[PDB]
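Take a look at this single chain, the form deposited in one PDB entry, given in structure tokens.
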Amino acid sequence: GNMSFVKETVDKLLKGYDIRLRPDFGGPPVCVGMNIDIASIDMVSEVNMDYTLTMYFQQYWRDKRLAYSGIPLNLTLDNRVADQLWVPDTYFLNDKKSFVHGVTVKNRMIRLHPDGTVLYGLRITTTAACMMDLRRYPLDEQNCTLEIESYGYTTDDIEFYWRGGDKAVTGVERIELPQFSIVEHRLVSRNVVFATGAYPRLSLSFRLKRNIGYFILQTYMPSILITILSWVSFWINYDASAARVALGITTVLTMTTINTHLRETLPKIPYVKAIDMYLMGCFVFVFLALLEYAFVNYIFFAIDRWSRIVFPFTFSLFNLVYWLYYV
């Protein structure tokens, strides 16, 4: 309860303290324990191949220069004291843009311990790149990682470990992605060697499974309905040249518009997606239907009923093969 005594203790700790030197400089590497409390994953972008992550990033390490005696309490100091203390140069290797929230003050926590242990917490919103394999899109499964590494200190000066083992990362259940579900998360610790030296690495990875519900309503169902619409021409008499030709034209044009719209919502990848294959297949059926009437019109100047039993049967077979392959 003696604020002056606490003030003297803290001033003694910071007297002669050199922020330029890591703890145990020139000696054994300092072990830094890390835990992450995930707040939310706001966005997952296929076009930019990145995701936005908000989390509470906490670092644990012991600095004997900050050890104090006579106070059986954990000193929770103002966040502005972190500028006078050494902190690990932790950075995210795969991030594209990140910041620390600063309202109403900087989202930062410093909590000292009698033995010299320092707790350093930060609330960070980060946009991390995540390369995606869209070959099976929209029935694909993605593995997005978050790489944690020291920038300047090599393994000879600093070491990273997940504090608490597999329980180091919490809040995974808080992730509520409308388009994805968190199948699994993993924690990986390893050493990465560059030209400048070997650096510690912590990796946090999520396996995301895309939800097919949106794409059934948005793309798959409209494509099927247009294909069924083309089948109406078979039951219309051949003398109605204007009617059947108009039916063939509009179904083909509508199919093209759907195909063009979908590809504009995704990155300009050179390979064919699963959804593209379905749209190409649907375009073939409607195009064949218009060609079917042209053949009927040509011979006229039994075929229709024969065509009535082939296209729905073939389209059902095409759907069965397509869904079995991608599920």
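From 1 onward, residues are counted along the sequence shown. Only the largest set of C-alpha atoms that superpose within 1.5 Å between the two forms is called the rigid core.
The same protein also exists as the form deposited in another entry; that form is not shown, yet it is the one meant from here on.
- The Cα shift for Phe234 between this form and the one not shown, taken after rigid core superposition, is 2 angstroms or larger.
- Annotation: Cα of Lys64 displaced by less than 2 Å between this form and the one not shown, core superposition.
- Relative to the shown form, the Cα atoms of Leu266 and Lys96 move apart by 3 Å or more in the other entry.
- The pair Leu177 and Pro267 is tighter in the other entry: their Cα-Cα distance falls by no less than 3 Å compared with this form.
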